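Naming follows writing order (A, B, C, D and E), and every chain is counted from residue 1.
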Amino acid sequence: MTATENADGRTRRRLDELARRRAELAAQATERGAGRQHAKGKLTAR
Amino acid sequence: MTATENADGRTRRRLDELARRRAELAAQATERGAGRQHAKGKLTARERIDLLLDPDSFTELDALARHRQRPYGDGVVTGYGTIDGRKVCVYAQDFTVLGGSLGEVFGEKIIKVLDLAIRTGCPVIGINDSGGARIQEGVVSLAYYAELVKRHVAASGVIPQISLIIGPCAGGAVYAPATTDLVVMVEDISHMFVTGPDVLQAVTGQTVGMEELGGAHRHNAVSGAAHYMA
Amino acid sequence: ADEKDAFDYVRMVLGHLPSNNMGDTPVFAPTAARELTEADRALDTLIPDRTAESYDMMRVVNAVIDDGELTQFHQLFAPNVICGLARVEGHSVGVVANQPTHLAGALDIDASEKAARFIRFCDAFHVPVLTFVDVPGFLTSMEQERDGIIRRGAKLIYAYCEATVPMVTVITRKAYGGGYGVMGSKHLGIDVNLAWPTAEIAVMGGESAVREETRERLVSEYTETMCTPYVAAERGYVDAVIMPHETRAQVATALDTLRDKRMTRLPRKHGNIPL
Amino acid sequence: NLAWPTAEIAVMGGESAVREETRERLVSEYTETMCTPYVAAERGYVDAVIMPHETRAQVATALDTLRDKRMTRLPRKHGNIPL
Amino acid sequence: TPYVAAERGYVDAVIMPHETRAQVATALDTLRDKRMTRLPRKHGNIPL
C-alpha cells in the first residue's frame, strides 16, 4: 500500500466552520442591537 | 486669600520618577544578562552603539517602549548619531532582553528609525544578534520581519544600508541583511542561516556544526552572503 | 518540440503583453460569466483531508484563469513553483504559485530566482501578479546554505516589495514560517490577500511543534486550532476568508477594483537587488 | 515628540473622571498614575521622556537631525481646506 | 597587442605603465561632470 487513508472530513469541517462564523455575522441583523437601532428610527451600518 | 497653597512636591516627584526609570535602564549594563553576553565574548547592544558612533553623539528613540514580564525597549536599541561628524541612524538588537526576539514593538522601533534615515537621507546601520522570532506573538512576528525587508527594498539605492551580524541571525530574518548593501560578520561569534543544524540533521541525517554551516568565514568565502570577515 | 511550436509560443507570450512599458496591454472579451460553475465548486473538495497528501496546484490556477490556459515561463525549471501569463476577465495577469507535487512546494534557490525574475518582468510591463500560496517553508539540505540561499532567495522577497502593479494573493493551504512572509504577503505591499478556510498560517507546523505512542492526533489537533486563517484575519493581514469556490469571482473583483492603482518608488538611478 | 515628566496625556483629566466629602485627593491620585507621559512613551507616540532642563539641547539636536527632511504631498492642483 | 584596438579607437591611448596614475586621475577629472540618463522605465529586468 501507499501511505494510508484517513476517512477524515477535515477539509469539510473547515469549510463548515467558516460557514458557522459567517452565520454568526448574519444573525446580528435580527439580534437585540439591531432592534434598538431600529427602535431609534435608524438603519444599521450594513 | 487667593486659591490655596499645597506644599506638595508633586513636580519634583515626577522628575524623580523619570530618574528612577532611567536608573533601571542604566543598571542593566551590570546585571546578569550583560554578564552572560560578555561571557560569550560579545559586547552589548549599547556598548556596540557607543563604540561605533562618535563619542557622546547617540540620541536614543523609544527607550521606554513596551509591549502591552514586559521590559523597556522590547529588545532593540534604536536612535541616531554621527560617524566622523556625518549623520547616521542605527538599530542594535539586544540579545540580553528576551533574546532580542522580534515582536510587534521591536518591529515598530526599527521601522521608525529606517523611515527616519530614508526621509532625512542618511545611512542606516543595523547590528543583528538575536535568538529568532518571538513565538508568543506568532504571525505578528512574521509580519514585522517582512515589513522590515519592505523598508530595506524601498531604501535600496536611496541611502547606504549596512548590516553587522555579531551573534545569531536565523530563519527568514536573514533576508533583511541580505537586502542591505554590505553585510559584516565577526569571526567565531556570529552565525547566519535560513535552516539551522537541528532541522538539517532531522531531515538529512547529517551533522554540521553552526560554524561550518553559517559562520563568518563560510559566508565570506563560500556563500557570498557576507562582504567582510572582521 | 519543433520550430512551429517555438513560434506559436512566442506569439502567445507577446499576445499577453503590451508593446512597450508605456503602452496598453490588449484587453479581450471575458470568456466566462461570474456565476459559479462545476470548475469553481471543485475547489471546495480539492484540499486533502490528510496532512501529507499533495494536490496539483495547476488545478487551482486553471480554475481561476480564462479558458484554463496558463502560458508558462520556466515550466521545466524549478517546478516546485509555477510561473506564467494568463488572463482574468480578458485582462492579462502573471501567476506565481507553489506546487506541492515537487519538493513538497518548498522554496529553494532555483524557485526563488525563477519567481523573482518573472515578477520583476511582469511589474516592468504593468502586468498584475496573482499568487497562490501553499508553502511549507524553505528546502532543507546542506547544499542550500553553501550555494547561496541567503543572498539568492532574497531576490524573491525583493521583487514583491519592489512591485507597484496590482497584486492579489490567495492562500490555499500551508503558509509556514518564512514562507508566509515571502509568498506575496500583505507586509510586502500586496493589495488583496485572501485565505481559504484550509489556510494553515503559523510560525511552525504541527510536526515541528511536538517537541499508541506514535500518533498523528496531537499534531492534527495542533494543525486545527493553531494553523488556521483566523489570527491573520483578526489582524487584517488577510482581507477576507473565502470559500474555495469563491476564488475566481473574488480574484476578478479585486483586480477590477485595483486596476487604476498608482504607486511610485522613491526616486533613484536604480536599486541594488542582491545578485 | 518629546514629553516632560509633568506631561498629562489622557482622554480626560481628573476633574472629569470622578463621576471631607469635598476633596482633591482622588483626582490628584488620578492625575498621577493615570495622566502621565508613559503610556504614550510605551507606544512610541512620544520618542522620549526628557527632563525639562534637557529641552533646549533636545530640540536643537532634533532640528539638526531633521534638517534635510524630504516629504512631498500627493499631486493636486490644490487642497480643499475647511474655510 | 594593443595596437589593433588602438587603430580602431577601441582604446583611447596606449600608455607606458608608469603613466597609469596620472592618466587615470586626468580622465576622472575630465569626466567628473558626465551626465547620461537611461531611457525611462519602472525598472530593468537584469538576469537573476
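Points worth noting:
Keep in mind that, in the parts below, a residue touches a chain if its C-beta (ideal position, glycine included) is under 8 Å from a C-beta of that chain, and two chains touch if they have at least 3 such contacts.
The minimal number of chain-to-chain contact steps leading from subunit A to subunit E is 2.
Note on chain placement: the centre of subunit A and the centre of subunit B lie 43 Å apart, centres being C-alpha means.
In whole angstrom, the spacing between the mean C-alpha positions of subunit B and subunit D is 26. Multi-chain contact residues of subunit D (touching two or more other chains): none found.
Pairwise, the chains that make contact are A-C, B-C, B-D, C-E. Interface residues of subunit C facing subunit E in the complex, by the touch rule stated above, are 21, 113, 116-117, 120-121, 123-124, 126, 155, 162, 164, 265, 270-271, 273, 275. Those residues of subunit C that touch subunit B in the complex are listed here as 138, 140-142, 144-151, 153-154, 157-158, 161-162, 177-182, 185, 187-189, 201-203, 231-232, 235, 237, 265-274. Residues of subunit B that touch subunit C in their complex: 118, 133, 135, 138-147, 149-150, 153-158, 171-175, 178-179, 181, 192-195, 199-200, 203-204, 206, 208, 213-214, 218-219, 222-225.
Residues of subunit B touching subunit D in their complex: 10-11, 14-15, 17-18, 21, 59-66, 68, 80, 87, 105, 108-109, 112, 116, 119-122.
If you check the complex, the residues on subunit A that touch subunit C are 3-12, 14-15, 17-18, 21.
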